[PDB]
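Sequence positions, counted from 1, serve as the residue numbers for this chain. What's counted below: heavy atoms across the whole structure, side chains too, no hydrogens, waters or symmetry copies.
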Amino acid sequence: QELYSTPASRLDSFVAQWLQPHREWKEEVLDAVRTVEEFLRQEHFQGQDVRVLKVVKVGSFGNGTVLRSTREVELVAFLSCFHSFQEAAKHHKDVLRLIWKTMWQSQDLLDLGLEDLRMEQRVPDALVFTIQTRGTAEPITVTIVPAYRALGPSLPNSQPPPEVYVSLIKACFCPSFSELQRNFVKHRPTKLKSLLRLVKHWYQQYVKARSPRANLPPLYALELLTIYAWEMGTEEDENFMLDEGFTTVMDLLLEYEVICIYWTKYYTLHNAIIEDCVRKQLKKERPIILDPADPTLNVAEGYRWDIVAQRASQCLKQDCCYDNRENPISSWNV
């Protein structure tokens, strides 16, 4: 069975039965990742004496959208030796090499079958490796990106002080705000997570897999578009029709040339400098999907939305976007 041959009326069952990972498998993976997290927090890295002050899971394991097919766990490490955005940028690779050097001597990680260490140019660079789980000894890929801790402790989803974004804009994808990128997707209703899984699965299997060399947009852009569709289309209803949501996202993808989306979730227009930044962003070539966590980033800029629209057009012709009386599923209003 696959998505395109799944009737719209059966999408809830498809997501639940085909796309959800087994809960014990997820726990197996997180148990192994915990050892990496503990290593990072506890190790006195010998650069000065360097510490990872905080480690956060991001991407699918961080925001609750892990799929059956997910085989990577993404971590962001906040470093003691970065005191500005500029310092993090300058010493990003230095820190990854330091962490890598030290991992090869870690009895704990060696006992988890650590292998395949390399740096990958993931914009920004990531240290990438595999470890083996404790039960099955199955391999899982783990990635680490270093960050300047620009934000202090607070409730999930409070607003950063405007001065943080003023400094960002003065300083000239920003892992300093990765907790916010996480939270924006994580702190949503269960059924929205099902729609996110569905869209991500579709994107990976029918778009990314088919054009693996193309400059396709990041999954985050698709997450933001999906959230937008739901927020506007249902007035943030925890109860909604999954099939209508999926069709709505496909329709929106067709219209990429006129998409202009932003939020004042983590920044508002009250600060003149932030307002000026956002105003400037919104006048640029569309699609614009402004990062709710970072007013300087149009997450959609520069990517092959033309390819995505081509696949969305095909998707809309499939059983997953038709009812059982051969009527197209109707999309939400905005």
Side-chain angles (χ1 to χ4, degrees), residues 19-82 87-88 91-149 153 156 175-176 178-179 181-183 185-186 197 200 204 219:
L19 300 191
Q20 301 209 157
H22 195 288
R23 77 294 288 219
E24 294 170 38
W25 172 87
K26 190 187 161 176
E27 179 60 13
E28 172 98 353
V29 172
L30 294 166
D31 171 82
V33 171
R34 185 195 65 241
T35 299
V36 177
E37 293 171 300
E38 289 165 359
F39 161 82
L40 293 169
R41 288 301 310 267
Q42 297 169 23
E43 192 68 24
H44 293 236
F45 296 96
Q46 298 313 145
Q48 65 183 260
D49 291 335
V50 167
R51 299 293 297 276
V52 174
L53 298 180
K54 180 173 188 64
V55 183
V56 297
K57 294 174 251 178
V58 298
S60 71
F61 276 85
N63 64 24
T65 63
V66 180
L67 293 174
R68 184 74 52 77
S69 59
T70 303
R71 300 287 183 271
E72 195 169 82
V73 181
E74 302 177 35
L75 306 178
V76 173
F78 292 92
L79 266 80
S80 70
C81 55
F82 300 158
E87 288 178 3
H91 295 287
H92 191 104
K93 289 202 255 183
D94 287 330
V95 156
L96 286 182
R97 293 180 190 111
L98 170 61
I99 292 168
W100 176 356
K101 173 183 73 174
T102 308
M103 286 177 66
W104 267 338
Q105 304 301 324
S106 170
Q107 186 63 45
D108 301 282
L109 298 178
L110 294 173
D111 281 340
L112 235 45
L114 171 70
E115 48 184 41
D116 294 341
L117 272 153
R118 75 280 191 176
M119 275 164 67
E120 293 191 355
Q121 294 73 54
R122 297 199 173 199
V123 302
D125 281 27
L127 183 62
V128 185
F129 54 97
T130 69
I131 57 180
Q132 297 176 354
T133 62
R134 283 188 173 89
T136 58
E138 77 184 83
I140 185 83
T141 297
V142 182
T143 70
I144 301 166
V145 172
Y148 163 56
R149 188 164 197 178
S176 297
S178 55
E179 294 166 300
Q181 298 173 312
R182 170 202 62 189
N183 286 359
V185 181
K186 184 185 185 187
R197 280 186 165 103
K200 293 164 182 183
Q204 296 178 164
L219 282 166

Any donor-acceptor N/O pair, [X] side chain to [Y] backbone, under 3.5 Å:
X	Y	value
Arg134	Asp31	yes
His91	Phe82	no
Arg51	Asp49	no
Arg41	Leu53	yes

Shortest non-hydrogen separation from [X] to [Y] and the atoms involved:
X	Y	answer
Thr133	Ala32	CA-CB, 4.1 Å
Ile144	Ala77	CG2-CB, 4.1 Å
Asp108	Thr35	CB-CG2, 4.1 Å
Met119	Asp125	CE-OD2, 4.0 Å
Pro175	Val76	O-CG1, 4.0 Å
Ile140	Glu72	CD1-N, 4.0 Å

Is any side-chain heavy atom of [X] less than 4.5 Å from a side-chain heavy atom of [Y]?
X	Y	value
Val95	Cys81	yes
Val145	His92	yes
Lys200	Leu219	yes
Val55	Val36	no
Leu96	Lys93	no
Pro21	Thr70	no

ask   = Among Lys54, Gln42, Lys57, which residue meets the side chain to side chain contact (heavy atoms under 4.5 Å, CB included) test with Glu37?
value =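 The option that passes is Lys57.
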request  = List the steps and the verdict of salt bridge (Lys or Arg N to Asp or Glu O under 4.0 Å) for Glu38 and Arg34.
outcome  = CA-CA 6 Å; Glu38 289 165 359; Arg34 185 195 65 241; 3.4 Å; yes
Measuring from [X]:[atom1] to [Y]:[atom2], what's the distance to the nearest 0.5 Å?
X	Y	atom1	atom2	answer
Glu43	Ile99	CD	CD1	10.5 Å
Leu109	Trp104	CG	CH2	13.0 Å
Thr130	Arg71	OG1	CZ	13.5 Å
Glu179	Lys186	CD	NZ	10.0 Å
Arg182	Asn63	CZ	CG	9.5 Å
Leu127	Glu120	CG	CD	9.5 Å

query = Taking atom types as modelled, is there a side-chain donor on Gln107 or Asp111 under 3.5 Å from an acceptor on the other?
reply =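 Yes - a donor-acceptor pair under 3.5 Å links their side chains.
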Donor on one side chain, acceptor on other, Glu28 and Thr136, under 3.5 Å =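 Yes, a side-chain donor-acceptor pair sits under 3.5 Å.
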inquiry  = side chain to side chain contact (heavy atoms under 4.5 Å, CB included), that's the test. Do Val128 and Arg118 meet it? Break it down for me.
reply    = CA-CA 5 Å; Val128 185; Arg118 75 280 191 176; 3.4 Å; yes
task = Give the ring-plane orientation class for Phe61 versus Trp25, where under 30° counts as parallel, over 60° as perpendicular and anything between as tilted.
result =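 Geometry flag for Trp25 against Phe61: tilted rings.
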request  = Return yes when atom CD of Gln105 has more than 12 non-hydrogen atoms of other residues, nucleotides or ligands closer than 6.0 Å, and no otherwise.
outcome  =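 For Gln105, atom CD is not crowded (no more than 12 foreign heavy atoms under 6.0 Å).
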request  = Go through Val52 and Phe39 one step at a time and tell me if the side chain to side chain contact (heavy atoms under 4.5 Å, CB included) criterion holds.
outcome  = CA-CA 9 Å; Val52 174; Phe39 161 82; over 6 Å; no
